[PDB]
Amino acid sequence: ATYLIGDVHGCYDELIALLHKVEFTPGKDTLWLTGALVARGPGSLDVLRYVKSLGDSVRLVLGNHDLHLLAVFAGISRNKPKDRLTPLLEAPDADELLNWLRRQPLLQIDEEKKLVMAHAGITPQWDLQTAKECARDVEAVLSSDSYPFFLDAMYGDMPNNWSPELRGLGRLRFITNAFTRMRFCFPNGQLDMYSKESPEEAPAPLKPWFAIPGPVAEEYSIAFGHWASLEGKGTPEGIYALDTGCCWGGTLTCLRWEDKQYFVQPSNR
């Protein structure tokens, strides 16, 4: 069986309870995770240890909070108390865990399921080939010895319009924003980096990225997390918003792909 779970945010207890609910069995089952494994919840260390231990039985994409953790680990950004990352950062195996984390993909594709996963979704300005190339480019910088330099470069809100002519810092910043921070688009597909509200409570003319027809969403199902205020509702057919706010007191959601059956674990906070 194939299980997809939204943002875990250090909610180790809930993640394990949900996986026991569906009797998740590595070697028979595969787990997809939308990213943002760490921060805010209490058990980022346990979560990272477990997800890494799953090996090929898990397909992860990196989210914004995962990249922020890597920035903190590398001395690029300051640790925020509210993220509750200190046990993980102080762990004797922190090097092993984070060197594994930074090597994980930004994008997962299963052609037989016609299923695409990324943390924030797929911008309507990307076709599939472009999404693949951009994921590969950023993954190449994250997997390199020089990854702290990219992490430092990644911060910024412009450019917010994709073009194949984008080069350098702006290209990497846009790619990172599209994969890990995207929510709302302008009608022409341009990213808005500021509004984080639910679609109905958003100011015009902003629309959800998935409300603009894109070449990928026309051919593939897309699963994503990130957008907690969405509450996993309000999406079109073929779009799966899995982040239901576990660390914020909501729920952890798990979708079984074969029958599109949902399983929910209440938050413990």
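Residues carry their position along the shown sequence, with the first being 1.
Checked against the record, the higher mean CA B factor of 135-143 and 101-109 lies with 135-143. When the mean C-alpha temperature factors of 24-32 and 227-235 are read from the deposited coordinates, 227-235 comes out higher. In this structure the maximum Cα B-factor among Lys52, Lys207, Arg40, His65 is found at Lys207. Between the residues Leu115, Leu128, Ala118, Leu89, the entry's highest C-alpha temperature factor is the one at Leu128. Residue-level temperature factors show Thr2 in the lowest third of its chain, judged at the C-alpha atom. Sorting the modelled residues of the chain by their CA temperature factor places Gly245 in the middle third. Remark: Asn160 belongs to the highest third of its chain, ranked by C-alpha B-factor as recorded. Ranked by C-alpha B-factor against the other modelled residues of its chain, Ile222 falls in the middle third. For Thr180, the recorded CA temperature factor ranks within the lowest third of the chain's modelled residues.
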